[PDB]
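For the record, the sequence lines run as chains V, S, U, W, E, G and D. Each residue of the first sequence is one higher than the last, beginning at 455 in PDB author numbering. Each residue of the second sequence is one higher than the last, beginning at 455 in PDB author numbering. Each residue of the third sequence is one higher than the last, beginning at 403 in PDB author numbering. With PDB author numbering applied, the fourth sequence corresponds to residues 558 to 598, 622 to 660, in that order. Each residue of the fifth sequence is one higher than the last, beginning at 661 in PDB author numbering. With PDB author numbering applied, the sixth sequence corresponds to residues 558 to 598, 622 to 711, in that order. Each residue of the seventh sequence is one higher than the last, beginning at 506 in PDB author numbering.
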Amino acid sequence: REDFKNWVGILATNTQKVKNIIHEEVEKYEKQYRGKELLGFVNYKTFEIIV
Amino acid sequence: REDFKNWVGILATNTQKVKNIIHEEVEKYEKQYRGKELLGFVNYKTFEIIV
Amino acid sequence: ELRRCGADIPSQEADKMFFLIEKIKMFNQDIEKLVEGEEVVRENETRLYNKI
Amino acid sequence: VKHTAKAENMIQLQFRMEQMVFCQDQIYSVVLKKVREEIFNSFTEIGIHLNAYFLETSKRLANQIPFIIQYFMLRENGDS
Amino acid sequence: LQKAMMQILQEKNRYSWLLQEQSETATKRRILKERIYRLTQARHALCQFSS
Amino acid sequence: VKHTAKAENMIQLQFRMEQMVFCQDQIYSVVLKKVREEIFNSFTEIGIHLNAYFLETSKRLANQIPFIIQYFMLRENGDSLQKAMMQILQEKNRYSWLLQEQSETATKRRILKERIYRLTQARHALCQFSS
Amino acid sequence: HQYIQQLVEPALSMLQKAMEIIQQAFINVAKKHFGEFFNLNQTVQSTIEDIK
C-alpha cells in the first residue's frame, strides 16, 4: 500500500512536467496543425498526440 | 439613405429567425458528420453549413 | 455507367496479381477510415462510431 | 441599364465571399464578450458561436450592400 | 482484419479463381469504353467545327 | 495572371467605395464610445470624431482586403484551374505526346514488376514447405 | 459483492449488441468493394466471421 500511494504521487506529478511538452506542441500547432487541420478550436487528433 | 435604415432592420430579423432553426435541426448534421469531424468538440463543417 | 462497372481488368497473370493487391489496398483504406469514423456516408444515415 | 448590370453583378459576387469564413484577430472581442453576458452575469456552444459570427457579419453587411448600391447607381453613374 | 487480408494472397494459383469473370457487366464495360471513346472523338469534331 | 489582374481592379473599386463617405445607423455606438474616452473614464471635436470613424473603417478593411485575396487567388483560381484542365483532353492527337516518359524509367518499371513477381513465388515456396 | 454481481448480465448483453453493430458495417464494406467478384466476397465474409 505504501507504493500504491507512491504511484498515486507519480500520476499527479507527471501533470506538471507535461507543461513543457505541451508548450512546444502548441508552437507547432499554431503555425502548422491548427490552420493545416481546418481552423481549430480544439482539434481531436491534435489533442490525441499530447494524451 | 432612407431605405438603408430599413436594411439594418432586416439584418436582425433573419438573425432571429436562423437562430430558431439552429437548435431544432442541428441534430441531423451532428449525428451524421460526427466521426468525419473527429468525434466533436465543435464541428467545423456543421458550423460552415449554417453560415 | 463506366464507374459502377468493373472487371477483368487485366487478363494476364503477372499484372492480375498487382491488380488484386491494389484493390485490397482500396478495401483496407476504407476499414482504416471506418474505424476512425471517416467514410463516405449515405444520405439520411448515422456514423458507426456514433452507434457504439 | 449599363450600371444596373454593374451593381447586380457586384452584389452577387459580394455574397460568394460571405460564405468563406474568416475573421482573423477581430473575432477576439465578441467571443470574450459573450462570456460576460451569457455565462458570467454542445449545441448551446455551437449556437452562441454562430450568433457571435452573425454580429460581425451584420457589421459588414450593414455597410457593404449600401456602398455597392450607391457607387454604381449614383457616383460613377452621374460621371457616365 | 487488415492483417487477415494479406493471408488470402499466400497461395499463387488463386488470383484467377478469385477474380472470375462476370461476364455480362465485364462485357459491357468494353462497350462503355468504346462509346465514350466515340463521344470524345465526336466532341473534338464539334470543337474544330466551331471556329 | 488573369485573377491577379481582376483582383488589382477589385482593390481600387473597394477603396474607391470608402471615399464616398457613407454613414450606417450604427454610428451611435462609436459616438458614445468617444464620449466615454473624452469625459467619464477644437482638434478633439473633429479629430476624435474622426478617429471614431477610423475604428469602423478599421473593421471593414480588416475583412474585405483578406476576403478579396482568398476569393480570387485561393478559391476561384483553383476552381478555374480544375475546370480548364478539361480542354486540354479534347485534343485526340496530344494523348500519345502527353504520356512520353524517359527510357531509363520505362526500363526500370518492367524489371521492378518482374522482380516482385519472383520474390512472392519464393515466399509462397518457403511457406508451403512448413505446412 | 452483490452490487458487482448485478452488473454481470447487462454488461454481457451489451457486448452482444455492440458485436452486431460492428460486424454488419464491416460486411457493408465487403459488399461495396468485392460485389463484382463472387469467390472473393465468399472468402472475405467467412474471414470476417472467423476474426469476429
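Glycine included, each C-beta is placed from N, C-alpha and C at the ideal position.
Which word fits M428(U), buried or exposed, when buried means at least 16 other C-beta atoms lie within 10 angstroms of its C-beta?
Exposed: under 16 other Cβ atoms inside 10 Å.
Distance, Cα to Cα, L692(E) vs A523(D)?
Rounded to the nearest angstrom, the gap between the Cα atoms of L692(E) and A523(D) is 43 Å.
Less than 9 Å between the C-beta atoms of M665(E) and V534(D), yes or no?
With respect to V534(D), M665(E) sits apart: the two C-beta atoms are not nearer than 9 Å.
Would you mind telling me which residues of chain U sit closer than 8 Å to residue 553(G), beta carbon to beta carbon, in chain order?
Examination of residue 553(G) is not possible in this model, given that chain G is present from 558 through 711 alone.
For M577(W), name the three-state secondary structure that DSSP assigns.
Assignment of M577(W) by DSSP, reduced to helix, strand and coil, places it in the coil class.
Could you give the distance in angstroms between the alpha-carbon of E694(G) and the alpha-carbon of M419(U)?
Linking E694(G) to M419(U) through their CA atoms gives a straight-line distance of about 12 Å.
Determine whether the beta carbon atoms of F495(V) and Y498(S) lie at a separation below 9 Å.
Between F495(V) and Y498(S), the gap from beta carbon to beta carbon is short of 9 Å.
Distance, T500(V) Cα to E456(V) Cα
Per the coordinates, the alpha-carbon of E456(V) lies some 37 Å from the alpha-carbon of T500(V).
Taking just the CA atoms, how far does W677(G) sit from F542(D)?
Taking the CA atoms as reference points, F542(D) sits about 36 Å from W677(G).
What residues in the segment 679-690 of chain E bring their beta carbon closer than 9 Å to a beta carbon of chain D?
Listed by position along the chain: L679, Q680, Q682, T685, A686.
Straight-line gap, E502(V) to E479(V) (C-alpha atoms, nearest Å):
Put simply, the backbone Cα of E502(V) is about 12 Å away from that of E479(V).
What's the C-alpha gap between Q414(U) and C407(U)?
Computed Cα separation, rounded: 20 Å.
Residue-chain proximity (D659(G), chain S), Cβ-Cβ < 9 Å:
For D659(G), the answer is no, since every Cβ of chain S falls outside 9 Å of its Cβ.
Could you check if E554(D) is buried or exposed, using at least 16 other CB atoms within 10 Å of its CB as the buried criterion?
With fewer than 16 Cβ atoms within 10 Å of its Cβ, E554(D) is classed as exposed.
Of all the options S710(E), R674(E), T700(E), which has the alpha carbon lying nearest to the alpha carbon of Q670(G)?
In terms of CA proximity to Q670(G), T700(E) leads the group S710(E), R674(E), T700(E).
Test: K499(V) CB closer than 9 Å to a CB of chain S
With respect to chain S, the C-beta atom of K499(V) has a partner C-beta closer than 9 Å.
Quick check: what's the CA-CA separation for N643(W) versus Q581(G)?
Answer to the nearest angstrom: the Cα atoms are 6 Å apart.
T637(G) - containing alpha helix (DSSP H), residue span
Start and end: 623-649.
Output the boundary residues of the alpha helix (DSSP H) element that contains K688(E).
From DSSP, the alpha helix (DSSP H) with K688(E) extends over 684-709.
Are the CB atoms of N544(D) and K536(D) within a distance shorter than 9 Å?
Not closer than 9 Å, so no.
Taking the continuous alpha helix (DSSP H) assigned at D417(U), which residues delimit it?
Segment 415-438, the alpha helix (DSSP H) holding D417(U).
For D582(W), which of helix, strand or coil comes out of DSSP?
Here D582(W) sits in coil by DSSP.
Throw me the rounded Cβ distance for the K557(D) and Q511(D) pair, which I believe falls under 8 Å.
With a Cβ gap of about 28 Å, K557(D) and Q511(D) do not count as contacting.
Using a threshold of 9 Å, state whether the C-beta atoms of residue 349(U) and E684(E) are closer than that.
Beyond the ends of chain U as shown, which are 403 and 454, falls residue 349(U); an answer cannot be given.
Taking 6 Å as the limit between beta carbons, can you name the residues of its chain near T637(G), skipping five residues before and five after?
Correct list: empty, nothing qualifies.
Check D555(D) in the structure and name its three-state DSSP category.
Reduced to three states, the DSSP call for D555(D) is helix.
Can you pull the chain W neighbours of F579(G), defined as C-beta to C-beta under 9 Å?
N643, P646, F647, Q650, listed in chain order.
Tell me whether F597(W), by its Cβ, gets closer than 8 Å to a heavy atom of the ligand NAD.
With respect to the ligand NAD, the structure offers nothing, as it holds no ligand at all.
On the three-state DSSP scale, how would you describe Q569(W)?
Helix.
When DSSP labels each residue in this structure, what does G658(W) get in the three-state scheme?
The answer is helix: DSSP assigns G658(W) an H, G or I state.
At what residues does the alpha helix (DSSP H) containing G408(U) begin and finish?
Element bounds for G408(U): n/a, residue is neither H nor E.
By Cβ distance, which residues of its chain are closer than 6 Å to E491(V), with the 5 residues on each side in sequence left out?
Answer for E491(V): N497, listed in chain order.
Should the segment 570-590 of chain W be called in touch with the segment 458-478 of chain S, which here means at least 3 C-beta pairs below 8 Å?
Contact check between the segment 570-590 of chain W and the segment 458-478 of chain S: fewer than three CB pairs, one atom from each, fall below 8 Å, which does not count as touching.
C-beta contact flag for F647(W) and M577(G) at 9 Å
Taking 9 Å as the Cβ cut-off, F647(W) and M577(G) qualify as a contacting pair.
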